[PDB]
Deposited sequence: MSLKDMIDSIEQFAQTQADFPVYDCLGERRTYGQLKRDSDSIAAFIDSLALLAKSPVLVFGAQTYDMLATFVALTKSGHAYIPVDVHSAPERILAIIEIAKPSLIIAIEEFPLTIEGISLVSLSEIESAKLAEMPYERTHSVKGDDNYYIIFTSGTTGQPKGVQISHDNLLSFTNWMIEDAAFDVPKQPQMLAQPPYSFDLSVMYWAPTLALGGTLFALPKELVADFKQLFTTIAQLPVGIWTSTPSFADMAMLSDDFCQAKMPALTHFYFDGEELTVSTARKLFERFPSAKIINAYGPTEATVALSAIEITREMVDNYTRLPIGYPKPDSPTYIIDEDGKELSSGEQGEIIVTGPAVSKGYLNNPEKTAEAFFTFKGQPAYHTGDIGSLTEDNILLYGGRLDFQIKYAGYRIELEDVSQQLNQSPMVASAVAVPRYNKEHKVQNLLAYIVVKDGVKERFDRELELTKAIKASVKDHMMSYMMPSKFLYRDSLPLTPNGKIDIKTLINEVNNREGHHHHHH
C-alpha cells in the first residue's frame, strides 16, 4: 500500500540509484539523477519566493525535464498544470485565465507573451540541475492539497487531483489482477502529459520503479516513422487510446515478431472496439488486453477488466470492467433514484478518488459535484449499467443518447464486414433532429458503381442484427475520421460538420 508518491521515488533513489526511470530512444536518466535533478529544481523554485501552494503551469512535450520539473513542484508544495506543446494558444491563454498560476515553466519554447506572471525557461531549469543544490522537503504536497490540475476538452475546466486522489488511483492499479503490473514495468509513454491518461503510465511506473519510454516531439508528426521507432523500443506495456492502436495497425512493425517484448495493452479514454481488439489478437497472439474507464474527475480510471477472445467472438460492445473497491459506483435514474442490476442510467462515482472540483469554477462544480449518501460524488455524464457480475457496461454520452444512444448505432454499424469505422450523428434545424459517417475497409469503394448501391450493401450486411428504427438514413463516406489532440475520434467535430 503506497503512502506518498515522492517517498516512493526517493526510496528508489537509495535502492536502485542507477536503474533507468526514463529513456528517450536511448538517452537514459536514472532514479538517482531524478532525485538530484528534482531536488535542485525544487531549491530553485523555493528561491523564487512564489506564494505558498500556488499552481505552476508547465509547458512542454514529454522530455525528461517535464518529469523532473513535476517532481520538483510536488516536493516544493506546488500543483503543476501540464500543457502540451501542441495546444492552441487560445487554450493556453484560457488555461492561464482560469488557473492563475504563479509561474510558467516553459520547457519547450513558450509560444506567447503573458505579462503579469513569472516566466522561466528550459535554460533556468538546466542551470538549476547543473547547480546540484540540496533539498529538504518541509512543505511538499500532501493529502488533500492539489497534486496536478488537468484541463478538460466546449470550454476548458481545470480538474484538481489531490495527492490522496492520486494515491487511490495508483494503489488500485498496482494491486489489480486485470492490470497485473510487473515489477519495474517498462512502459511506453505515448500520451501527452496534458491528458490524464498519462498518469496511467507515470504513476504505476514511478511507484514500482520501472522505466518510461518516451518519443521525440517531431516523431509525433509522421506516422510511418513513429511506429517504426516505437517498434525498436523494449517496451513491455503499451498504454494509449484505442484510436492510437488503430493507427498502429497500419504499420508492418506493429506485431509480436517485431515487438517481442510487448506483453500488455492498457486502454482508456475511448470505446474499445471489438474489431480493434480482434485485430490486436491478430498481431500479438500472446498479449493481454486491458480495457479501463473513468473520467478525469475521478483520477484517470474507476474500473478495468481483461478482454478475452470469448468476448471478441461473442459481444457487440466491450465491457468497461469491475469498479474499484474504494470508489463505490452507482447507476441512477433521471430522478436521482439508484437503479437495481441491469437497468440503464447515469454512471455516478464516489469515494477518495473524486476531485474536489473545478479550479475557480464553482458554477460548474456545483452542477457536476454533489453528495450521494454523505459521500462526495460526480456525475460522469455517461450512460451505462451494472451486471450481476459487478461489471460496468458502457452505453454512451448523455449528450448523445438521443431517443437510443448514437454510440450503439455506431457499434452496430462497425459490425459490417465492409465498415472500418462509423459514427452516427444527427442533423439539427432549430434544436430539432439520423445519419452516419462511414469509413469502409480498403478495396470496398472499387467494388461499387455508386454510393447508393454501397449504402444498400452496407445496410444489408448488418440488417439481421439491427433493429429497424436504429438504422440511419443517409451515409457520408470519408477516408478517415478526424482525431482530437488527445487521440480520440472527434465526435463533436463530426456533429458540427453536419450542422
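- Comparing the deposited sequence with the modelled residues, the stretches lacking C-alpha coordinates are 1, 155-157, 408-412, 443-445, 512-521.
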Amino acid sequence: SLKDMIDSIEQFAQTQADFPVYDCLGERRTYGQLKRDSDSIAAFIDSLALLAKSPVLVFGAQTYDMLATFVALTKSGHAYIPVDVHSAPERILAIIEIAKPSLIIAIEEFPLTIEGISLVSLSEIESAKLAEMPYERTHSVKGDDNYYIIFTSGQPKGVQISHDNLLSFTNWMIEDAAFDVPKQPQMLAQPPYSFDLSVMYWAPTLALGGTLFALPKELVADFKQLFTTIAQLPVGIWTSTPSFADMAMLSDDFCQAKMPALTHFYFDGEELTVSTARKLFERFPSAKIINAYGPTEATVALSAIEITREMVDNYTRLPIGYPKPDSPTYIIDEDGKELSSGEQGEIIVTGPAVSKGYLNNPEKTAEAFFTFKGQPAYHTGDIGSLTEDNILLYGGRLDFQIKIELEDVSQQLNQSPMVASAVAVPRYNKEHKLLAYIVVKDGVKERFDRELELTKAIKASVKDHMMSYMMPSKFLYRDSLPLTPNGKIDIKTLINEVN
From here on, numbers count along this sequence of modelled residues.
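- For the pair 261-269 and 217-225, the mean B factor over Cα atoms is greater in 217-225.
- Look at the C-alpha B-factors of 246-254 and of 77-85. On average they run higher in 246-254.
- Note on the listed residues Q344, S162, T296, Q186: the highest Cα temperature factor in the record is that of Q344.
- Considering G336, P352, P101, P182 together, the PDB entry gives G336 the largest C-alpha B factor.
- Per the PDB record, residue ranking by Cα B-factor puts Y394 in the middle third of the chain.
- Ranked within its chain, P234 lands in the middle third, by CA B factor from the PDB record.
- Among the modelled residues of its chain, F448 has a C-alpha B-factor that falls in the highest third, as given in the PDB entry.
- For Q411, the recorded CA temperature factor ranks within the middle third of the chain's modelled residues.
- The deposited CA B-factor of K35 belongs to the lowest third of values across its chain.
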